[PDB]
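Listing of run.txt, compact mmCIF, C-alpha atoms and all ligand atoms
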```txt
# COMPACT_ATOMS: atom_id res chain seq x y z
CA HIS A 1 58.96 225.02 193.45
CA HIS A 2 60.26 223.14 190.40
CA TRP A 3 61.56 219.67 189.59
CA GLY A 4 65.21 218.89 190.25
CA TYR A 5 67.51 216.33 191.82
CA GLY A 6 67.34 217.44 195.45
CA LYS A 7 65.79 215.56 198.37
CA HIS A 8 62.54 217.47 198.10
CA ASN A 9 62.18 217.75 194.30
CA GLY A 10 64.02 214.71 192.98
CA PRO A 11 63.00 211.75 190.76
CA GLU A 12 60.71 210.16 193.32
CA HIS A 13 58.60 213.35 193.31
CA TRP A 14 58.35 213.89 189.54
CA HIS A 15 55.24 211.76 189.04
CA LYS A 16 53.12 214.40 190.82
CA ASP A 17 53.65 217.02 188.06
CA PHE A 18 54.36 214.47 185.32
CA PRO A 19 52.21 211.31 185.71
CA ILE A 20 53.91 209.61 182.73
CA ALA A 21 56.86 209.07 185.09
CA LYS A 22 55.10 205.85 186.10
CA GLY A 23 54.42 204.92 182.47
CA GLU A 24 55.11 201.77 180.46
CA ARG A 25 58.27 202.76 178.54
CA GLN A 26 60.25 204.92 180.94
CA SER A 27 64.02 205.34 180.92
CA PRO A 28 66.71 204.68 182.08
CA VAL A 29 66.81 200.93 182.65
CA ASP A 30 69.17 198.27 183.85
CA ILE A 31 70.60 196.38 180.92
CA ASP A 32 70.76 192.70 181.86
CA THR A 33 73.32 191.41 179.42
CA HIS A 34 72.26 187.80 179.80
CA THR A 35 68.58 188.41 178.96
CA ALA A 36 69.30 190.87 176.15
CA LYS A 37 68.44 189.30 172.81
CA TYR A 38 70.90 189.32 169.94
CA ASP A 39 69.09 190.44 166.81
CA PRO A 40 70.97 189.75 163.59
CA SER A 41 68.52 191.82 161.56
CA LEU A 42 69.87 194.94 163.26
CA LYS A 43 72.14 196.99 161.01
CA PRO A 44 75.32 198.89 161.81
CA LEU A 45 74.88 202.47 163.01
CA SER A 46 75.72 205.11 160.50
CA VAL A 47 77.08 208.19 162.24
CA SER A 48 77.79 211.11 159.89
CA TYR A 49 79.19 213.99 161.97
CA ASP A 50 81.81 215.42 159.59
CA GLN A 51 79.72 218.54 158.75
CA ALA A 52 78.50 219.09 162.30
CA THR A 53 78.15 222.73 163.31
CA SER A 54 78.19 223.38 167.03
CA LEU A 55 76.81 226.75 168.14
CA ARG A 56 76.60 227.21 171.84
CA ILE A 57 77.07 225.70 175.25
CA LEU A 58 74.38 226.35 177.93
CA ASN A 59 73.87 225.67 181.69
CA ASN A 60 70.11 225.05 181.84
CA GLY A 61 69.93 224.42 185.60
CA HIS A 62 70.13 220.62 185.46
CA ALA A 63 72.96 219.90 182.98
CA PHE A 64 74.97 221.63 180.35
CA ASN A 65 73.96 221.29 176.71
CA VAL A 66 76.16 221.69 173.65
CA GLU A 67 73.81 222.81 170.88
CA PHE A 68 74.07 222.18 167.16
CA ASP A 69 72.67 223.72 164.01
CA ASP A 70 69.85 221.29 163.09
CA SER A 71 68.31 223.36 160.31
CA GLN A 72 69.85 221.03 157.70
CA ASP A 73 71.11 217.42 157.43
CA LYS A 74 74.61 218.25 158.70
CA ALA A 75 75.09 215.80 161.52
CA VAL A 76 72.89 212.75 161.21
CA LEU A 77 72.32 209.35 162.63
CA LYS A 78 70.91 206.57 160.49
CA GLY A 79 70.85 202.82 160.48
CA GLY A 80 70.78 200.59 163.47
CA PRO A 81 67.19 200.05 164.59
CA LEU A 82 66.11 203.29 162.97
CA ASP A 83 63.89 204.05 160.00
CA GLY A 84 64.81 207.34 158.38
CA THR A 85 67.19 210.16 159.21
CA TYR A 86 67.75 211.69 162.64
CA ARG A 87 69.44 215.12 163.08
CA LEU A 88 71.76 215.88 165.96
CA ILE A 89 70.43 218.80 168.00
CA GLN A 90 72.37 218.63 171.27
CA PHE A 91 74.43 216.53 173.62
CA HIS A 92 74.64 216.65 177.39
CA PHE A 93 75.99 214.62 180.31
CA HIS A 94 74.77 213.08 183.54
CA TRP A 95 77.29 212.63 186.34
CA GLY A 96 77.82 211.86 189.97
CA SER A 97 79.30 213.21 193.15
CA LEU A 98 81.59 210.16 193.30
CA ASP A 99 83.23 208.09 190.59
CA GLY A 100 81.05 205.07 191.47
CA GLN A 101 77.80 206.70 190.33
CA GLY A 102 76.59 209.06 187.69
CA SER A 103 75.23 207.08 184.79
CA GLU A 104 71.53 206.73 184.15
CA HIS A 105 71.65 203.33 182.40
CA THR A 106 73.38 200.55 184.25
CA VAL A 107 74.80 197.32 182.91
CA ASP A 108 74.24 194.28 185.11
CA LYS A 109 73.65 196.84 187.92
CA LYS A 110 77.04 198.46 187.23
CA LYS A 111 77.01 202.23 187.47
CA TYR A 112 79.46 204.32 185.50
CA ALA A 113 80.86 207.68 186.50
CA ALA A 114 78.87 209.59 183.88
CA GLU A 115 76.75 209.13 180.78
CA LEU A 116 76.76 211.16 177.52
CA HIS A 117 73.50 211.58 175.54
CA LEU A 118 73.62 212.69 171.91
CA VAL A 119 70.06 213.70 171.09
CA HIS A 120 68.62 213.41 167.60
CA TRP A 121 65.17 213.99 166.11
CA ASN A 122 63.38 212.30 163.20
CA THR A 123 63.34 214.69 160.24
CA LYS A 124 59.96 213.49 158.98
CA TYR A 125 58.32 215.53 161.79
CA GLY A 126 59.94 218.80 160.68
CA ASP A 127 61.03 220.13 164.06
CA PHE A 128 62.09 218.82 167.47
CA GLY A 129 58.88 219.98 169.16
CA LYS A 130 56.77 217.87 166.84
CA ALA A 131 59.12 214.92 167.14
CA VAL A 132 58.79 214.58 170.93
CA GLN A 133 55.04 213.95 170.50
CA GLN A 134 55.69 210.81 168.43
CA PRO A 135 56.67 207.30 169.52
CA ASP A 136 59.53 207.22 166.98
CA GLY A 137 60.50 210.91 167.29
CA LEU A 138 63.91 210.82 168.93
CA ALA A 139 66.99 208.68 168.88
CA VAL A 140 69.51 209.10 171.71
CA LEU A 141 73.00 207.67 171.54
CA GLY A 142 74.14 206.84 175.07
CA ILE A 143 77.81 206.52 175.89
CA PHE A 144 79.16 205.53 179.29
CA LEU A 145 82.19 207.27 180.83
CA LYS A 146 84.65 205.54 183.15
CA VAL A 147 87.52 207.21 185.01
CA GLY A 148 90.95 206.30 183.66
CA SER A 149 93.03 208.15 181.11
CA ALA A 150 92.04 211.57 179.80
CA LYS A 151 89.91 211.99 176.70
CA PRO A 152 91.57 214.65 174.56
CA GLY A 153 88.43 215.42 172.56
CA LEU A 154 86.55 216.26 175.77
CA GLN A 155 89.02 218.91 176.95
CA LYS A 156 87.61 221.84 174.91
CA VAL A 157 84.31 221.19 176.67
CA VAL A 158 85.92 221.00 180.09
CA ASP A 159 87.87 224.24 179.63
CA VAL A 160 84.78 226.37 178.92
CA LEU A 161 82.71 225.24 181.96
CA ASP A 162 84.08 228.10 184.11
CA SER A 163 82.30 230.52 181.83
CA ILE A 164 78.91 228.82 182.34
CA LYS A 165 79.11 227.97 186.05
CA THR A 166 75.52 229.00 186.85
CA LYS A 167 72.02 228.42 185.50
CA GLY A 168 71.09 230.50 182.49
CA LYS A 169 74.63 231.23 181.36
CA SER A 170 75.67 230.39 177.86
CA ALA A 171 78.77 230.74 175.74
CA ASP A 172 79.61 230.64 172.07
CA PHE A 173 80.97 227.20 171.30
CA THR A 174 81.81 226.76 167.64
CA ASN A 175 83.89 224.27 165.70
CA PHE A 176 83.54 221.43 168.21
CA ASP A 177 83.75 218.02 166.57
CA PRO A 178 81.58 215.42 168.40
CA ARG A 179 83.47 212.54 166.70
CA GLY A 180 86.16 212.94 169.34
CA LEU A 181 83.65 211.66 171.95
CA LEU A 182 82.95 208.26 170.32
CA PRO A 183 84.42 204.93 171.33
CA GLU A 184 86.24 202.68 168.90
CA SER A 185 83.38 200.18 168.58
CA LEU A 186 79.73 201.04 167.72
CA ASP A 187 78.26 197.82 169.11
CA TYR A 188 75.04 198.67 170.95
CA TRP A 189 71.94 197.71 172.85
CA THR A 190 68.63 199.25 171.87
CA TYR A 191 65.17 199.49 173.45
CA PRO A 192 62.14 201.85 173.29
CA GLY A 193 62.04 204.37 176.08
CA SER A 194 61.61 207.95 177.13
CA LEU A 195 63.34 211.22 177.96
CA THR A 196 64.98 210.86 181.38
CA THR A 197 64.06 214.39 182.45
CA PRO A 198 60.63 216.05 182.53
CA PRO A 199 58.46 216.00 180.52
CA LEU A 200 59.58 212.30 180.39
CA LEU A 201 57.87 211.79 177.04
CA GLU A 202 57.88 208.26 175.65
CA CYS A 203 59.32 209.17 172.27
CA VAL A 204 62.87 207.81 172.34
CA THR A 205 64.61 204.94 170.60
CA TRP A 206 67.60 204.33 172.89
CA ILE A 207 70.90 203.20 171.45
CA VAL A 208 73.37 202.50 174.23
CA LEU A 209 76.98 201.76 173.21
CA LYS A 210 78.65 198.80 174.90
CA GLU A 211 82.13 200.29 174.99
CA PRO A 212 82.68 203.14 177.44
CA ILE A 213 85.06 206.02 176.81
CA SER A 214 87.63 206.86 179.47
CA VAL A 215 88.06 210.34 180.97
CA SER A 216 90.51 211.49 183.61
CA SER A 217 89.68 212.10 187.24
CA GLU A 218 90.56 215.76 186.64
CA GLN A 219 88.14 216.13 183.70
CA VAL A 220 85.11 214.78 185.58
CA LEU A 221 86.06 216.87 188.65
CA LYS A 222 85.41 220.00 186.55
CA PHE A 223 81.86 218.80 185.81
CA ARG A 224 81.26 218.73 189.56
CA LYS A 225 82.15 222.40 190.04
CA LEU A 226 79.12 223.56 188.04
CA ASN A 227 76.09 225.00 189.84
CA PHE A 228 72.39 224.09 189.75
CA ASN A 229 71.65 227.61 190.97
CA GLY A 230 71.65 230.95 189.21
CA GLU A 231 74.22 233.66 189.84
CA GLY A 232 73.75 235.47 193.14
CA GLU A 233 71.83 232.57 194.68
CA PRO A 234 73.18 230.13 197.33
CA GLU A 235 75.66 227.73 195.74
CA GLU A 236 74.35 224.20 195.00
CA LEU A 237 76.87 222.02 193.20
CA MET A 238 75.56 220.36 190.05
CA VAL A 239 76.12 216.70 190.91
CA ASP A 240 74.07 213.51 190.83
CA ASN A 241 71.86 214.80 188.04
CA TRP A 242 70.80 211.22 187.13
CA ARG A 243 67.47 209.38 187.25
CA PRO A 244 67.55 205.87 188.73
CA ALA A 245 66.62 202.76 186.72
CA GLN A 246 62.97 202.31 185.93
CA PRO A 247 61.04 199.04 185.51
CA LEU A 248 61.48 197.33 182.13
CA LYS A 249 57.86 196.07 182.03
CA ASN A 250 56.77 194.65 178.64
CA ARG A 251 59.93 195.58 176.79
CA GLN A 252 62.83 193.66 175.34
CA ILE A 253 66.39 194.85 175.03
CA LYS A 254 68.11 193.88 171.82
CA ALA A 255 71.84 193.67 171.17
CA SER A 256 73.65 194.32 167.89
CA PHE A 257 76.39 191.90 168.90
CA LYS A 258 77.00 188.45 170.49
ZN ZN B 301 70.30 212.91 179.28
```
Let me see whether you can do it: turn the structure in this file into structure tokens.
Amino acid sequence: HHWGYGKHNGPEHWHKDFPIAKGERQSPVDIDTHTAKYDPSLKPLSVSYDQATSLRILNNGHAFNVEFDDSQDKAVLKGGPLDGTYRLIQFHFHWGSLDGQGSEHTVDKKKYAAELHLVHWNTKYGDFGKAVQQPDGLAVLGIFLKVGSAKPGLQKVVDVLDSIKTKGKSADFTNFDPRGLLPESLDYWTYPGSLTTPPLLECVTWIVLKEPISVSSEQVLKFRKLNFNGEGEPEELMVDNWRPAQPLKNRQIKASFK
């Protein structure tokens, strides 16, 4: 037995192995745009991805992860609600079985077809494993995906998924530029939260972009051909790998824009 997204091991079960699932600053949440508070003391995001060095793409049994070299300040996030410098370590997606679901965050109860998470860790803690133990240890940039026109910058990712169909498989994935995954605007909401997968640690500063990117029906369809299972095991399609919205509790969502 292990946690997953099935009927018998899904989000509603996670609290048994990971009690923090019922904690005070769990993610994702519903962003209520009318009760979000505009904060003019919030700065612009500074995204510096021009020296980013992608290494590998991996099917870890619940998503696929594109990994980056985080040994130096190559791809960093600064500004916004953050204090200090956050290094990009990986990005991954959450998606659905149908176009009308897939995102983790929702906006006035609207679900998007998928959600992209660019995960960064605060360099003052020296390594990722130390960072996740701290309340200001990670920053995650969340980007919604809607189905419309194709996203050209996503296609290199889509074309390599056949080679990592099953859990545990990995492929070399160098020279991918994550700047091709960003929307035009960097307007955002931000709130303190958690990882949305076990161990669900409450160490994340969420930065959710307002503007979705559009991908084609064909591109998201390829996501849905991946497998939760390992090679030689019964085929389980990797779909609906999203956690539903959690209670906001004593938190406020702030907006960088009016
Ligand atoms: Zn995620």
Quick one: residues within 12 Å of ligand ZN 301 (chain B), with all atoms listed in the file, as an NGL selection string? :A and (27-28 or 62-66 or 90-95 or 102-105 or 114-120 or 139-144 or 194-198 or 200 or 204 or 206 or 208 or 241-243)
Okay, now the selection with C-alpha atoms, as a tab-separated table (two decimals), keeping the file's coordinate frame?
```
chain	number	residue	atom	x	y	z
A	27	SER	CA	64.02	205.34	180.92
A	28	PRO	CA	66.71	204.68	182.08
A	62	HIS	CA	70.13	220.62	185.46
A	63	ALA	CA	72.96	219.90	182.98
A	64	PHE	CA	74.97	221.63	180.35
A	65	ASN	CA	73.96	221.29	176.71
A	66	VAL	CA	76.16	221.69	173.65
A	90	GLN	CA	72.37	218.63	171.27
A	91	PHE	CA	74.43	216.53	173.62
A	92	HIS	CA	74.64	216.65	177.39
A	93	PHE	CA	75.99	214.62	180.31
A	94	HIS	CA	74.77	213.08	183.54
A	95	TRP	CA	77.29	212.63	186.34
A	102	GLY	CA	76.59	209.06	187.69
A	103	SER	CA	75.23	207.08	184.79
A	104	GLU	CA	71.53	206.73	184.15
A	105	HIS	CA	71.65	203.33	182.40
A	114	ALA	CA	78.87	209.59	183.88
A	115	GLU	CA	76.75	209.13	180.78
A	116	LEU	CA	76.76	211.16	177.52
A	117	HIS	CA	73.50	211.58	175.54
A	118	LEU	CA	73.62	212.69	171.91
A	119	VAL	CA	70.06	213.70	171.09
A	120	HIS	CA	68.62	213.41	167.60
A	139	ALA	CA	66.99	208.68	168.88
A	140	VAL	CA	69.51	209.10	171.71
A	141	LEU	CA	73.00	207.67	171.54
A	142	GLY	CA	74.14	206.84	175.07
A	143	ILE	CA	77.81	206.52	175.89
A	144	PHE	CA	79.16	205.53	179.29
A	194	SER	CA	61.61	207.95	177.13
A	195	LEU	CA	63.34	211.22	177.96
A	196	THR	CA	64.98	210.86	181.38
A	197	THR	CA	64.06	214.39	182.45
A	198	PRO	CA	60.63	216.05	182.53
A	200	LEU	CA	59.58	212.30	180.39
A	204	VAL	CA	62.87	207.81	172.34
A	206	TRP	CA	67.60	204.33	172.89
A	208	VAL	CA	73.37	202.50	174.23
A	241	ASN	CA	71.86	214.80	188.04
A	242	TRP	CA	70.80	211.22	187.13
A	243	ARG	CA	67.47	209.38	187.25
```
Return as JSON lines the residues of range 169-245 of chain A lying at most 7 Å from range 146-164 of chain A, together with the closest atom-to-atom pair for each and the distance in Å to one decimal, counting all atoms listed in the file, with rows in chain order and ascending residue number.
```
{"residue": "A:169", "atom": "CA", "partner": "A:164", "partner_atom": "CA", "distance": 5.0}
{"residue": "A:170", "atom": "CA", "partner": "A:164", "partner_atom": "CA", "distance": 5.7}
{"residue": "A:171", "atom": "CA", "partner": "A:164", "partner_atom": "CA", "distance": 6.9}
{"residue": "A:180", "atom": "CA", "partner": "A:153", "partner_atom": "CA", "distance": 4.7}
{"residue": "A:181", "atom": "CA", "partner": "A:153", "partner_atom": "CA", "distance": 6.1}
{"residue": "A:212", "atom": "CA", "partner": "A:146", "partner_atom": "CA", "distance": 6.5}
{"residue": "A:213", "atom": "CA", "partner": "A:146", "partner_atom": "CA", "distance": 6.4}
{"residue": "A:214", "atom": "CA", "partner": "A:146", "partner_atom": "CA", "distance": 4.9}
{"residue": "A:215", "atom": "CA", "partner": "A:150", "partner_atom": "CA", "distance": 4.3}
{"residue": "A:216", "atom": "CA", "partner": "A:150", "partner_atom": "CA", "distance": 4.1}
{"residue": "A:217", "atom": "CA", "partner": "A:147", "partner_atom": "CA", "distance": 5.8}
{"residue": "A:219", "atom": "CA", "partner": "A:158", "partner_atom": "CA", "distance": 6.5}
{"residue": "A:222", "atom": "CA", "partner": "A:158", "partner_atom": "CA", "distance": 6.6}
```
I'd like the contact shell of residue 236 in chain A - 7 Å cut-off, only C-alpha atoms, skipping same-chain residues fewer than 5 positions apart - returned as a PDB file with C-alpha atoms, in the coordinates of the input.
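As written to disk, out-v2.pdb reads:
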```
ATOM      1  CA  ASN A 227      76.090 225.000 189.840  1.00  0.00           C
ATOM      2  CA  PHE A 228      72.390 224.090 189.750  1.00  0.00           C
ATOM      3  CA  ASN A 229      71.650 227.610 190.970  1.00  0.00           C
TER       4      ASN A 229
END
```
Which of these residues is nearest to residue 184 in chain A, using only C-alpha atoms: A:8, A:210, A:56, A:167?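 Closest residue, counting only C-alpha atoms: A:210.
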note - CA of residue 209 in chain A and CA of residue 88 in chain A are separated by 16.7 Å
Judged by all atoms listed in the file, the minimum distance to residue 231 in chain A among A:111, A:165, A:179, A:258 is found for A:165
A:71, A:15, A:57, A:106: which is nearest residue 126 in chain A, counting only C-alpha atoms?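 Distance minimum relative to residue 126 in chain A lands on A:71.
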Find the residue from A:110, A:29, A:99, A:203 that sits nearest to residue 122 in chain A; use all atoms listed in the file when measuring.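 For residue 122 in chain A, the nearest of the given residues is A:203.
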